[PDB]
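Accompanying notes for the structure given below.
Cβ: placed from backbone, ideal geometry, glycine included. Neighbour counts: every protein chain shown. Every number in this text was worked out from the coordinates using simple rules, so none of it is lab data.
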Amino acid sequence: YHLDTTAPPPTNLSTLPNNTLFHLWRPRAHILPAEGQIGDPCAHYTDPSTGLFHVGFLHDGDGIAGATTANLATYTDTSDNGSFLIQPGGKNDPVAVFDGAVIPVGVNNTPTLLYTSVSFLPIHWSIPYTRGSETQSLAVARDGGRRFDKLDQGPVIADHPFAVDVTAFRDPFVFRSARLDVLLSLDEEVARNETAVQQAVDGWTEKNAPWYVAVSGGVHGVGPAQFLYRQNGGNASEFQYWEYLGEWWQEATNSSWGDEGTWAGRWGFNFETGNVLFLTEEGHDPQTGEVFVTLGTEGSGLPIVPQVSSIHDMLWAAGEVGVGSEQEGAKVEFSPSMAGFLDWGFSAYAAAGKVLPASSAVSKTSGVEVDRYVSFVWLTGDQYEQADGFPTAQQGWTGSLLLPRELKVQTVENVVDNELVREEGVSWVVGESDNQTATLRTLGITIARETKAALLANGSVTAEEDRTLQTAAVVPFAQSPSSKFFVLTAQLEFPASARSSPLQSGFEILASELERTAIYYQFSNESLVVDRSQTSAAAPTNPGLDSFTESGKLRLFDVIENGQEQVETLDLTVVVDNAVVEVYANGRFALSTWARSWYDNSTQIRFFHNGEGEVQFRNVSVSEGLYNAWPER
């Protein structure tokens, strides 16, 4: 048998020769290794010397591999044979190398990696923690960052907090903060009043501020948490000793944001890959930005099945930092005011981002004058290794990162101040209001501009005529793409009467007679849904190809656009990069998943409406082709 994707798939894909399915579902514009599997992205940094942006990710469970870009569009591997930067087998990491982050100017004034060095396995929140399993070690970049050499000494943080029964102690993330420096330098009482505090913040200078470190995990019998450290005594030149500032953020076991965990999953049993951001309405600022945190939480249904995390939520939260309460606890504490999802995809997790300086070679070329925060989300290829026999040897690779995303403070103006806005435990805060119309503030999520530009650069453009649907129907576009590489954009406008309706409106993509993937909005539970029940003709006999429904919550607010009140427009941008499908909505929503369609002919796109209520499609268009993200492979 020789692969022919115009003919029915074999009953069992797992019987095919290795690498047979290599190109079938592989993306062309996404970050992934030349072959093999990719894990958590990590260790990103803008090299001060060259201005180039370095990207990192775990690879084949045998270390951290890397790549570089000068425009945040195309990438180049640091080296061949896996492009590894650092691998296990040292004295601090005899068993494995986990996530880490980089300080651009560290030891010997060069990029310094602070990563989790592993000495014992297994490690899981649902079983006893082996003392010394995870420590934080140092490594220094060499040969242009094409390699990270471990410093010849033991870990700089050789143990978890004293006598604390941690569930996990890994994934160090480094950052600077004016608010934290101020809170820790001022008296405990002068740091009580925000007035005095804000004054010191104004004169704060980053150039010589100390580095903070957030380590993720939890505490057995108590709950997930983030452990905060900082260069000892706040000395920017101290890289050896890191004073522990306490559990700056913790939540009770498996508790969740809001009374019914509706908008931000659950805090779960353990916190992973914590990122600390300082956002503004334009980008990233450690002096004036609001505190935002992205993280993955590990969850489980009851009863618990030891060593299995059934749920992997990719969350985000915003809030404020204050000096600790009257206790012998953390010196500073993070208090969430709102929380949500960075990506609602089941397989989306372990986001690892970094500040991308306006001084970066990337930003100078594109002309960006402000500092940005770019986040890279992981899309596990095999349901976190819980897949029911996915044909891995046949594919020859596993997983991918999602498109680079710019994170900032997004505002939604002219929102009618009603129940929809006032709900408790939500993903937004009321910026201002007169009880009639308010401005909302939330986490903004968009494809990094350079990447979005590159995606449409040389693509053929085919627009569709505005259309309205009232009766149930599936209407094929006038001209569908003939490949599985395209960007679909569209705006859906709904009448107020649709909120209380069983309405479902959207599109069907990657479709033919034997396959289809449905993407639609639903008011019943205010969610964007990706129905993959009919996505792959090969899925029925290969359970390895997950087909369950994916979905995310997205509320469309009542707003005033032209003196008239209308239900907010649903602005979609679906990027299909072969099987990798990313659904973006209103600059504040993202849902990614795998759509492993089989036939070459399944490229049809159709308008979809279930006859419940009515929808108005406008500015619908398709850009086909995308682009090659790895020109030199």
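Quick rundown of the values:
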{"quantity": "Cβ-placed point charges (K, R +1; D, E -1), dipole of segment 457-625 about Cα centre in debye, nearest 20", "calculated": "300"}
{"quantity": "Of the chymotrypsin sites (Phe, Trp or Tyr not before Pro) in segment 210-260, those whose Cβ has at most 13 other Cβ within 10 Å and which sit in DSSP loop", "calculated": "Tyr241"}
{"quantity": "Greater than 27 Å apart at Cα, pairs in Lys150/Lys408; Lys408/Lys484; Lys408/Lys553; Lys150/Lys331; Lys150/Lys364; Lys207/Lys452", "calculated": "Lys150/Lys408; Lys408/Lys484; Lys150/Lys331; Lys150/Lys364; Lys207/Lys452"}
{"quantity": "The chain, helix-only ellipticity at 222 nm - DSSP H runs n ≥ 4, -39,500 (n - 2.57), divided by all residues, nearest 500", "calculated": "-1500 deg cm²/dmol"}
{"quantity": "Dimensionless Rg ratio for segment 1-92, taking C-alpha atoms and the 2.2 N^0.38 Å reference", "calculated": "1.40"}
{"quantity": "Tail weight of P(r) past 21 Å, computed on alpha-carbon pairs of segment 100-208, percent", "calculated": "55"}
{"quantity": "Three-way shape label, segment 533-633, alpha-carbon gyration tensor, a/c 1.5", "calculated": "prolate"}
{"quantity": "Inter-centroid distance (Cα atoms) of segment 395-470 relative to segment 1-74, Å", "calculated": "27"}
{"quantity": "Unit charges on C-beta of K, R, D, E only; dipole of the chain, Debye", "calculated": "1520"}
{"quantity": "³J(HN,Hα), Karplus 6.51/-1.76/1.60, whole Hz, each residue of segment 22-31, x for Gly, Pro", "calculated": "3, 8, 3, 10, 5, x, 10, 10, 10, 7"}
{"quantity": "Gyration tensor verdict on segment 35-456 (Cα atoms; rounded if a/c is under 1.5, prolate if a/b is larger than b/c, oblate otherwise)", "calculated": "rounded"}
{"quantity": "Value of Rg/Rh across segment 200-251 [Cα atoms, Kirkwood radius]", "calculated": "1.10"}
{"quantity": "Alpha-carbon Debye profile of segment 418-460, log10 I(q)/I(0) at 0.16, 0.22, 0.34 Å⁻¹", "calculated": "-0.59, -0.74, -1.19"}
{"quantity": "Two-site FRET efficiency, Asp152 against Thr5, from Cβ-Cβ distance with R₀ of 51 Å, rounded to 0.05", "calculated": "0.45"}
{"quantity": "Global geometry of segment 457-625, whether rounded, prolate or oblate, following the gyration tensor of its Cα atoms and the 1.5 cut on a/c", "calculated": "prolate"}
{"quantity": "Alpha-carbon centroids, segment 117-158 and segment 346-375: separation in whole Å", "calculated": "26"}
{"quantity": "Candidates per chymotrypsin sites (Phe, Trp or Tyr not before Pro) in segment 510-617, loop by DSSP, up to 16 other Cβ within 10 Å", "calculated": "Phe548"}
{"quantity": "Calculated Rg and Dmax of segment 253-299 using C-alpha coordinates, Å", "calculated": "13.1, 35"}
{"quantity": "Sequence-distant residues sharing a close amide H with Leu277 (under 5 Å, placed H)", "calculated": "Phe292, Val293, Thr294"}
